[PDB]
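The chain that follows stands alone, in the form deposited in one PDB entry, written as structure tokens.
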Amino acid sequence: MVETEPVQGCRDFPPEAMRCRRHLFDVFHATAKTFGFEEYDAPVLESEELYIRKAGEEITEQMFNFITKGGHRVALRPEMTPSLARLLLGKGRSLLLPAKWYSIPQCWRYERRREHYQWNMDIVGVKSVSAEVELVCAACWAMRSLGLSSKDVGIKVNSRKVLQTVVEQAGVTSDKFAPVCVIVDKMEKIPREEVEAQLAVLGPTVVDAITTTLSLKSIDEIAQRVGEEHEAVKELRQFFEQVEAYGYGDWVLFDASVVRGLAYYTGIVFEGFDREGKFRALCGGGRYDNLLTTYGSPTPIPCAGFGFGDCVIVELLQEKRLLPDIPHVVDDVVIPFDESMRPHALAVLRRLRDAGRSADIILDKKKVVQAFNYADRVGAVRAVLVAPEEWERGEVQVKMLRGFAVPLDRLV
């Protein structure tokens, strides 16, 4: 017997599970359309070189990579943002800006689940915090569309520029900044000792300064540290003013501990969370204004975006009882009275489908009662019995499942 289980860390989606996944994806697609984003895609297989960032990132450390027969170093993508930038870099000046692009790629890791789907939303060519505002609103909109409220979830927001100043002023060379963010991202996960030790290895005074600024609880307190008109203060203020104007003020808040784990974030960063403190981050993103420059863009291209995985959100929705099983449905099941009626039933099936209805025909030889049972099992709205006596009169028998003779023309 063949192995029935899927490959290690990978999920099967039989129809029941697929309906749940489709319920989620339908929201991702619907939200992107509502917000005027355009779909794109790229190959799950990318060059390994695309992800070599040398910053100690979990995402690049846990890369599902291999070598081809032809000796090329490839990887099943651990994230989408590098593929997006590749695409953008390829287009150059032909790309009209601003651009708002989205996708729902399967992304991979190797270390535990080894694959997940991740809704990606990115705004390209927008310098101002208006981009981050729209992105955060889009994530909130998706969560609201799924049945959650601002009592269930929120989005924590910060700017890496605050920390950038502290690292720069303390005297640390800026090439260590991305490594620092990556390490400080571990704070909530591991003891402050371990995190303190990691920064020591990187290269005590400056470490204290980092720690203090992470734990500042309000924006006023940040403004006391760096000034009321520091770059980050005005941007965060504008960000909250705009989100409030859109009507999502209750969904967002400031949190100085939020840095995210990716090397490339330069500005505002954010992450979604459940207000019971039970789950990992629901989504995460930020501004990354230098990535395209590091890829070789002759001109700086401002960018911002987020990823929103398919797994944590599902656990939250299940906890909140927002993912009831939604059984399969079909409009019509056409039932031949017997096999002599099959040709006529097929003509009827054609008509129903011609009208835009979803319809089955009983394919096996079976008794009328069992055909009605099958009709119930598949969630048919209507059973259409095609029998000789009614057929003679230009009719079929129609029975609403949630048996009257009806002229063919009146079926639809």
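Rigid core (definition): largest C-alpha set, two forms, superposition within 1.5 Å. So that there is no doubt, residue numbering starts at 1 and follows the sequence shown.
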| query | finding |
| --- | --- |
| Chain break class at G203/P204 - deposited residues not modelled | 1 to 3 |
| Deposited but uncoordinated residues in the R393/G394 interval | none |
| Of 4-12 and 403-411, the one with larger mean CA B-factor | 403-411 |
| Mean C-alpha B-factor comparison - 133-141 and 84-92, higher one | 84-92 |
| Peak C-alpha temperature factor (PDB record), options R287, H328, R77, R192 | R192 |
| Highest recorded Cα temperature factor - choice among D122, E228, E315, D250 | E228 |
| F273 - which third its CA temperature factor falls in, relative to the rest of the chain | lowest |
| Relative C-alpha B-factor of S47, binned into the chain's lowest, middle or highest third | middle |
| Record-listed C-alpha B factor of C107: chain third | lowest |
| Among modelled residues of the same chain, the CA temperature factor third for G379 | middle |
| B-factor third for the C-alpha atom of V207 within its chain | highest |
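Keep in mind the form deposited in another entry is missing from the figure; the text below concerns it.
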item	value
Residue from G90, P298, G247, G71 whose Cα, after superposing the rigid core, lies 2 Å or more away between this form and the one not shown	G71
